[PDB]
Amino acid sequence: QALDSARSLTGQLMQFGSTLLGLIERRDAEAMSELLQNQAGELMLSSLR
Amino acid sequence: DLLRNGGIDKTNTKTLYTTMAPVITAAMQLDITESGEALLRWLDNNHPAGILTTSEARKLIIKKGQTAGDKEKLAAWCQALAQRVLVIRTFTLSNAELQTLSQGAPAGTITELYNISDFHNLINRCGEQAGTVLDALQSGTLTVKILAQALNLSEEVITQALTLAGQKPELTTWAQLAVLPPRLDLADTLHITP
Amino acid sequence: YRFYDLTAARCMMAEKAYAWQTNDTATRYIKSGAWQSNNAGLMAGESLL
Amino acid sequence: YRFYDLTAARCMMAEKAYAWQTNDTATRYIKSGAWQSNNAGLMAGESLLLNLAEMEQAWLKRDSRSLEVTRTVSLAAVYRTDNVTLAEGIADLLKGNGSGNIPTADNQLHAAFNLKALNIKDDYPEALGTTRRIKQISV
Amino acid sequence: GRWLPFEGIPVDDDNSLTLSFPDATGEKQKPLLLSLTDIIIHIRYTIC
Amino acid sequence: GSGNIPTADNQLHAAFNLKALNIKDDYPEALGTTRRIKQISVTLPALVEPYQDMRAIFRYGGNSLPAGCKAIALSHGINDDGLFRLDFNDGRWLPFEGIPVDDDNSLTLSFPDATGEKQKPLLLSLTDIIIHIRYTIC
């Protein structure tokens, strides 16, 4: 029964780990997508220039 | 609020950083929680006077009722944090450079932002092998052989560039590496050895 | 991070209940290295489980 | 949004059941800040469930066996302490008197006994345990 | 899962032990309550 | 009055070393090399007054168990474990579980208030203490 209680918490820890990896990679996706846009802006500046 | 609730940041050191750093990084939009762990250490090691050590910041965030005073003190602490993040972001120094500078790189006047930029320059020169340079510098085994192999120059140029304001045999601190880039650039712009 | 703290304690409780229900204390199964700071502790649940 | 309202109430119910099953009310585990409006309340479940796991592991450490005792209290004895013992204290009560706040009050009988006067702590040594709580009562 | 009646009560104080008997007047209950020679109660408690 | 018992101070106390109980000699060694306690029930066949409990603590001398497994209570004195319900399926251990039958226990069977009171006639009329130790040979 101690084993089952720990196995339940380890399953929940795995769920946290999956969600955390998802959020990490998703935040890094948003940061890149914003970097690309900032670059496109400071590049259209030279294009207009 | 996110620091006040949640798990009480543990009193023992080297855990205060690791327990405060994820949310600190989230508030500073740093790259890595480990860069956040190192930024607090850096601002702890050298800071403008009157700004709270991270221990005092924890003891002040966990208080019964945060007074009118000792809350602008915490605002000043977080402003110092933001200023340090700015120093990191204007030089775009990597997590490893950050971790090297965390153990006492004075910053806050131009005479010292210069040496920060010089160190950063030397590390960017090291390039794909800067991990090894900064690791052997974090330990006590940074030798001119590995530094030259990393910079793709000879030992017989670096042991000479050290001699100007000489600290030749013991490469122990990052401050000794910020001396290189000026001497190297000079001995490159005049085709001579240092 | 502060959930892995509970999970490792549960796995240790389970190991102790194992050692007390079977008198084999020399052996140990819940081993360290489940949390690696290189990976911000990701896949701690996998190792623990 | 209106589901997090039920979830926080359940976590609070669980904290109260924890405080009643273990007489540790000073401590508290389900803490606020689980819902942040910056994030439209996203990852409220993660915080609440971390709190629930903190509380469950506190419970798993505080839980153990426990000494459990029955005490047969023949109320005729504690009535003899009043010298007005039940045998003749019950039959003589014959009247249609009405009186609330009993400790044949109004139309019904009522006994009342203070467990402090029952000397339960004196039944066992203090080195066994500092707390003693009722579990079940049979008459 | 539900608690038992009178569970968790500390044995220290704060209870007048109410044992009510509705309609203790003259009826079929009166002979019973007169013939009740004693009330015996079994309190199960726990020492943690 | 006297602490460190094995009417000590104001209570009675028995103490018995399971090494002196010769449990390994009860069965051959070819059956199993280990033997551990599982459950302990006590029987006190005494002249008891009607509607009267009997305060008695049965306790483990050593310290290798969980928190409360080392101590047990008693109610009346006939095949009464310190529990109310006797169910093995409960996840919790039974009191005095896992104890090896070898040594390291003065078998504490305390009797609070062995002085002159309603308990004195009971304890004098107790002609014998009979205990039932359930153990397991793996």
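Protein chains in written order, with the entry's author numbering: chain A, 1986 to 2034; chain B, 679 to 872; chain C, 2228 to 2276; chain D, 2228 to 2330, 2338 to 2373; chain E, 2422 to 2469; chain F, 2325 to 2330, 2338 to 2469. Backbone N, C-alpha and C fix where the C-beta goes; we use that ideal spot for every residue, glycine too.
Output yes or no for whether 8 Å exceeds the beta carbon distance between residue i and residue j.
i, j, result
"residue 2413 of chain F", "residue 2362 of chain D", "no"
"residue 2235 of chain D", "residue 2256 of chain D", "no"
"residue 687 of chain B", "residue 736 of chain B", "yes"
"residue 2282 of chain D", "residue 2315 of chain D", "no"
"residue 796 of chain B", "residue 856 of chain B", "yes"
"residue 2275 of chain C", "residue 2280 of chain D", "no"
"residue 826 of chain B", "residue 810 of chain B", "no"
"residue 2330 of chain F", "residue 2437 of chain F", "yes"
"residue 822 of chain B", "residue 871 of chain B", "no"
"residue 2250 of chain D", "residue 2365 of chain D", "yes"
"residue 2439 of chain E", "residue 2367 of chain D", "no"
"residue 706 of chain B", "residue 765 of chain B", "no"
"residue 2349 of chain F", "residue 2459 of chain F", "no"
"residue 2003 of chain A", "residue 2237 of chain C", "no"
"residue 876 of chain B", "residue 798 of chain B", "Outside the shown range of chain B (679 to 872) lies residue 876 of chain B, about which nothing can therefore be said."
"residue 732 of chain B", "residue 695 of chain B", "yes"
"residue 2453 of chain F", "residue 2373 of chain F", "no"
"residue 2267 of chain C", "residue 711 of chain B", "yes"
"residue 729 of chain B", "residue 754 of chain B", "yes"
"residue 2272 of chain C", "residue 1998 of chain A", "yes"
"residue 2465 of chain E", "residue 2370 of chain D", "yes"
"residue 2269 of chain C", "residue 2021 of chain A", "no"
"residue 769 of chain B", "residue 788 of chain B", "no"
Under 9 Å Cβ-Cβ, which residues of chain C neighbour residue i?
i, result
"residue 2026 of chain A", "Per Cβ cutoff of 9 Å: no residues; residue 2026 of chain A is ~32 Å from chain C at best."
If the cut is a Cβ gap below 8 Å, which residues of chain F does residue i touch?
i, result
"residue 2298 of chain D", "2384"
"residue 2461 of chain E", "2382"
Just to make sure I have the definition right: I need the residues of chain D whose C-beta is within less than 9 Å of the C-beta of residue i. Which are they?
i, result
"residue 679 of chain B", "2259, 2260 and 2263"
"residue 1990 of chain A", "2283 and 2287"
"residue 2457 of chain E", "2313 and 2317"
"residue 2388 of chain F", "2294, 2358, 2359 and 2362"
At a CB-CB cut-off below 7 Å, which residues of chain D make contact with residue i?
i, result
"residue 2397 of chain F", "2291 and 2292"
"residue 1994 of chain A", "2280"
"residue 2229 of chain C", "2277"
Find the residues of chain D that neighbour residue i, judging by a C-beta separation of less than 8 Å, and give them in chain order.
i, result
"residue 2403 of chain F", "2294"
"residue 2400 of chain F", "2291 and 2292"
"residue 684 of chain B", "2258, 2260 and 2274"
"residue 2454 of chain E", "2317 and 2343"
At 7 Å on the CB atoms, spell out the chain F contacts of residue i, in chain order.
i, result
"residue 2374 of chain E", "There is simply no residue 2374 of chain E to check, as chain E begins at 2422 and stops at 2469 in what is shown."
"residue 2301 of chain D", "2382"
Which residues in chain A have a C-beta closer than 9 Å to the C-beta of residue i? List them in chain order.
i, result
"residue 2234 of chain C", "1991, 1994, 1995, 1997 and 1998"
Quick one: list the residues of chain C neighbouring residue i, beta-carbon separation under 7 Å, in chain order.
i, result
"residue 1987 of chain A", "2240, 2241 and 2244"
"residue 2006 of chain A", "2269"
"residue 711 of chain B", "2267"
Starting from residue i, find everything on chain E with Cβ-Cβ shorter than 7 Å and list it in chain order.
i, result
"residue 2328 of chain D", "In chain order: nothing, as chain E lies at least about 10 Å away."
"residue 2323 of chain D", "2446"
Original post:
Are at least three pairs of beta-carbons, each pair with one atom in the segment 2312-2326 of chain D and one in the segment 2427-2444 of chain F, less than 8 Å apart?
Top reply: No, because fewer than three Cβ pairs between the segment 2312-2326 of chain D and the segment 2427-2444 of chain F fall closer than 8 Å, the two stretches do not touch.
**OP:** Note down, in chain order, all residues in the segment 2236-2247 of chain C with a beta-carbon under 9 Å from any beta-carbon belonging to chain D.
**Re:** Residues passing the 9 Å Cβ filter: 2236, 2237 and 2240.
Original post:
the segment 2355-2367 of chain F: which residues have C-beta closer than 8 Å to a C-beta of chain C, in chain order?
Top reply: Under the 8 Å Cβ criterion, the segment 2355-2367 of chain F contributes 2365 and 2367.
Original post:
Of all the residues that make up the segment 2265-2295 of chain D, which are near chain A by a beta-carbon distance shorter than 9 Å?
Top reply: Cβ contacts with chain A: 2270, 2273, 2276, 2277, 2280, 2283, 2284 and 2287.
Subject >> Cβ contact (3+ pairs, closer than 8 Å) linking the segment 2244-2264 of chain C and the segment 850-870 of chain B >> reply: Result no; under three Cβ-Cβ pairs closer than 8 Å.
Subject >> Meets three-Cβ-pair contact criterion under 8 Å: the segment 2440-2453 of chain F and the segment 2342-2362 of chain F >> reply: Yes: at least three Cβ pairs fall under 8 Å.
Original post:
How about the segment 2291-2307 of chain D and the segment 2391-2401 of chain F: do they share at least three Cβ pairs that are nearer than 8 Å?
Top reply: Contact holds between the segment 2291-2307 of chain D and the segment 2391-2401 of chain F, because three or more Cβ pairs, one in each stretch, are under 8 Å apart.
Original post:
Using Cβ-Cβ distances below 7 Å, what residues of the segment 2419-2449 of chain F are close to chain C?
Top reply: Interface annotation for the segment 2419-2449 of chain F against chain C: 2429, criterion Cβ-Cβ distance under 7 Å.
**OP:** State whether the segment 708-724 of chain B contacts the segment 777-788 of chain B, with contact taken as three or more CB pairs (one from each stretch) at a distance under 8 Å.
**Re:** Contact between the segment 708-724 of chain B and the segment 777-788 of chain B is present, because at least three Cβ pairs lie under 8 Å.
Original post:
Contact between the segment 728-745 of chain B and the segment 681-699 of chain B: three or more CB pairs below 8 Å?
Top reply: These segments touch.
Original post:
Contact between the segment 705-716 of chain B and the segment 772-780 of chain B: three or more CB pairs below 8 Å?
Top reply: The segment 705-716 of chain B, when compared against the segment 772-780 of chain B, does touch it at the 8 Å Cβ threshold.
**OP:** Evaluate the contact criterion for the segment 2379-2389 of chain F versus the segment 2294-2303 of chain D: three or more CB pairs, one atom per stretch, below 8 Å.
**Re:** Touching, yes, given that three or more Cβ pairs across the two stretches are closer than 8 Å.
Subject >> Start-end ranges of the alpha helix (DSSP H) lying completely within the segment 710-746 of chain B, minimum 4 residues >> reply: Runs of the alpha helix (DSSP H) inside the segment 710-746 of chain B: 711-723 and 732-739.
Original post:
Can you give, in chain order, each stretch of the alpha helix (DSSP H) that sits fully within the segment 807-847 of chain B and has at least 4 residues?
Top reply: Correct list: 808-816, 822-829 and 833-841.
Original post:
In chain order, which continuous runs of the alpha helix (DSSP H) of length 4 or greater are located wholly inside the segment 2383-2417 of chain F?
Top reply: Taken in chain order, the segment 2383-2417 of chain F contains no complete alpha helix (DSSP H) segment of 4 residues or longer.
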